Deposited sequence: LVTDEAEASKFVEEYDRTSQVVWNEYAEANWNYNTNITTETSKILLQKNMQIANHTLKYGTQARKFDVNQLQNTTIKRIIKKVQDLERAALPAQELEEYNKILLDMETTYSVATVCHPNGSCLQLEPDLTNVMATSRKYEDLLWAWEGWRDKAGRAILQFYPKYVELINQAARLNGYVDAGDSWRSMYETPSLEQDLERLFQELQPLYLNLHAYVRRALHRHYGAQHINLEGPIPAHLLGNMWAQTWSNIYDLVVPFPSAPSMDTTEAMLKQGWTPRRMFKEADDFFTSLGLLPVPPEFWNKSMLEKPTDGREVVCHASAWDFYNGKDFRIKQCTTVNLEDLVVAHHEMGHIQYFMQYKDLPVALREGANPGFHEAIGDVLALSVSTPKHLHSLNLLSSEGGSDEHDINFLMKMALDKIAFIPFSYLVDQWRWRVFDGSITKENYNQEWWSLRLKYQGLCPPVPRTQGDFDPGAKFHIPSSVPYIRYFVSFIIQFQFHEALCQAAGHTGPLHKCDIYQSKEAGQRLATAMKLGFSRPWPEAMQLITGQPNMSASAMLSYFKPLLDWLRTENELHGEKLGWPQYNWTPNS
């Protein structure tokens, strides 16, 4: 029986590589060239890979995992018994695949038009408006418009999507889709663990919120900002108010200490998307890590096509499962924000390359959070004023606070948002939130966790969650919350390994081979062992902890408390 098991795994692996490689090709062609033809081909490939999953999944379920001796064989087979969507009857499967495609397409080609005829796409048009406009009404137009066109358009598909993904989940032994997604962490205490982590970062977030609210009150007027209430969701420089670094100009702690226009600098010296990824590639190699293959530079879509072609612009990294072909698809814009995103994606590519020799079933991160954290860890070092200056993109306590504030506007503000998304979906999946209450519960969470309010009252028919990529694209979000916490834990450990001393926020692990070695050994494990082991390999301990992130921002937390205190701020929103 143990012999049939190792043989089954070998067969599953060699056949999966081929079928998955073909699927990736079709999926890539659609993503980088949305047409009726590429869509039709993708849906056909869905049926093919599903047929393969059903065949091997059915066989896998015939094994009594309890009797299997080899742990690795045991782990792979248990995983293969989960057919995911392939567990659905042929009819429901095709309907489910079409629904996913329709939601993705609808989101990626949606536009917001003006009376004249000027229509704006999310990237880069609407994104730019949200980031640079300081006019309440213009920000509102873009904010409401996007939700009117993308969000409302997704509502007709969601209820059916929920029914079908939940059905597939139950057919694989789970109570619902949320349960299925959470299982990716193999951590029974997950919900409680995440809640405790969230609570530890509350004091810092609430102080940042109150400080930013005061600055907005200063700029937009007392008639539009309640100093004791939530903040209008369209004033944070980002379409979803998930990161607030774009309004840094409105909240600079010490305006006397000017900061170079990084974007202007990048554009000034002709930085290009290719250059941006080249720099990222250099950071990884400086650590002794792997460089992307030549094939990467030739097949990746690092810029939005002018081809008159329609594509899915949202940044993503691709593993074509042949251990050679890896690509990135991103409509990269030349600015610091996208430079960080470029590192984020290159981090995914590094993970792909690091575990490319493990059985395909184990080719994943220790847990989804780890996969999201790698790139961010390096980006933390890249973002330091000193490193940016070394790239000729930049030119002291007050400078420390200004820097920490810029970092907090992104990293801290994102904590409650990243926590909220799946708290909403898990309740949709378990039936607690019906389609009658989709939007109302989304905003109750938006208020409860982020302390935000909608600038325009929502009405029946609105489906704001649909206006956030990951919702219609059905990509789990809790991984980003985990990532933001652990990436600081990794930063802390890597810096210590690099011999750094002094304030953690001043660390730059560039060229540190000791740092790279820890990330490499951890990444090489793929999904072969419980994630606490990969956590231990990198940090010397096995748990997730907010200590590193709090330590990184300590100087800022103290400054914020003193600042908010002297202005008599009332934290929170009664």
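Tell me, which runs of residues in the deposited sequence have no coordinates at all?
Those stretches are 1-3, 399-402, 582-589, listed in order.
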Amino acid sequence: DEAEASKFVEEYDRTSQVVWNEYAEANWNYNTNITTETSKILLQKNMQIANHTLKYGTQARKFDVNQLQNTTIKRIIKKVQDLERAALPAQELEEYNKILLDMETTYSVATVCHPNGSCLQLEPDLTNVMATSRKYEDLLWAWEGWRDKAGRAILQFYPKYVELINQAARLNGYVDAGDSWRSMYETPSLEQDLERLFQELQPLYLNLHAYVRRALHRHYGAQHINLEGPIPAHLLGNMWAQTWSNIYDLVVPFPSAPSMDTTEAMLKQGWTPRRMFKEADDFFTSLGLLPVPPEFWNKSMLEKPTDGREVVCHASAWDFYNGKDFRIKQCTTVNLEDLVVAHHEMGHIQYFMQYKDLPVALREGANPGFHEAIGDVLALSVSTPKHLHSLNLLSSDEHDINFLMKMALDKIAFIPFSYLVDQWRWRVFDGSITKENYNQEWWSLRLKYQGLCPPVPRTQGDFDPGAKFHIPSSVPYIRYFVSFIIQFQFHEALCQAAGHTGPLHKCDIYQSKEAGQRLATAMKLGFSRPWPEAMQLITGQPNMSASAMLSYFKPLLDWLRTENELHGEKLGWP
From here on, numbers count along this sequence of modelled residues.
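If you average the CA temperature factors over each stretch, which comes out higher, 384-392 or 127-135?
Of 127-135 and 384-392, the stretch with the higher C-alpha B-factor average is 384-392.
Per the PDB record, is the mean Cα temperature factor higher over 545-553 or over 512-520?
Per the PDB record, 512-520.
With respect to the C-alpha temperature factors reported in the PDB entry, which of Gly173, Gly466, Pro305, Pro454 ranks highest?
Spelled out: the listed residue with the top C-alpha B-factor is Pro305.
Determine which member of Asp179, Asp338, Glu372, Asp422 has the highest CA B-factor, using the values in the deposited entry.
Max CA B-factor in the entry, restricted to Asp179, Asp338, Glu372, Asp422: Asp338.
Rank-wise, by C-alpha B-factor, drop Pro416 into the lowest, middle or highest third of its chain.
Bottom third by C-alpha B-factor.
Ranking every modelled residue in this chain by its Cα temperature factor as given in the entry, which third contains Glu200?
Middle third of the chain for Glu200's C-alpha B-factor.
Classify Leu216 as lowest, middle or highest third according to the C-alpha B-factor given in the PDB entry, relative to its own chain.
CA B-factor rank for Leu216: lowest third.
Hey, what third does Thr111 fall into on Cα B-factor, ranked over its chain?
Middle third by C-alpha B-factor.
Consider only the C-alpha atoms of the modelled residues in this chain, order them by B-factor as the entry records it, and name the third containing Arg327: lowest, middle or highest.
Within its chain, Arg327 is a middle-third residue by C-alpha B-factor, going by the deposited values.
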